[PDB]
C-alpha cells in the first residue's frame, strides 16, 4: 500500500464526478452532431445544467476553454466571457494557463492551486481534476478544498 495508492483513491472521486458531469457535454454535442440543435444553443443548454450541479459540501463545476476564457463559473460568474490567462493564485500559480498546458499534454489530470470557497474571498488550497472535452475545446473542472 503506497503514497501513490492513497492519492490515486482520493482523487478518483474528483475524476468520477467530472466524468459524470461531462456526460452532459457528450449529450449536447450529440444533438449538435445530429443537427437537432446548433452548436451554440447546445453549448448554452449544457452550461446551464452543469452550472446547477453540486456534490458533498457545495462542491461545484466550472468550464473554461483553451484560450483561456471562462465559459461558465457558478460561484464567480463575473469571470465569465473574460480572458483568464493573467490570473495567478497567491503562490504565483498561473491557474488557467497551467490547466490548459496540462490538458494539451495529457487530456486531463490533477492540479492544485488556491481559490476562494463559494461566497467567501480567502484563497484556500484546492485540488481539482480537469478534463478536456475535445469537440468544443472546453475544460471541465471540479475540486475539493483542503478543509
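Residue numbers count along the first chain shown, from 1.
- The mean Cα B-factor in the deposited entry runs higher for 5 to 13 than for the other of 5 to 13 and 21 to 29.
- Between 120 to 128 and 135 to 143, the higher mean Cα B-factor belongs to 120 to 128.
- Taking the deposited Cα B-factors for 68, 81, 35, 109, the highest one is held by 35.
- Annotation for residue 85: CA B-factor lies in the middle third of the chain's modelled residues.
- Among the modelled residues of the chain, residue 45 sits in the middle third by CA temperature factor in this PDB entry.
- In the PDB entry, a CA B factor belonging to the highest third of its chain's modelled residues is recorded for residue 105.
- Looking at the C-alpha B-factors along this chain, the one for residue 57 belongs to the highest third.
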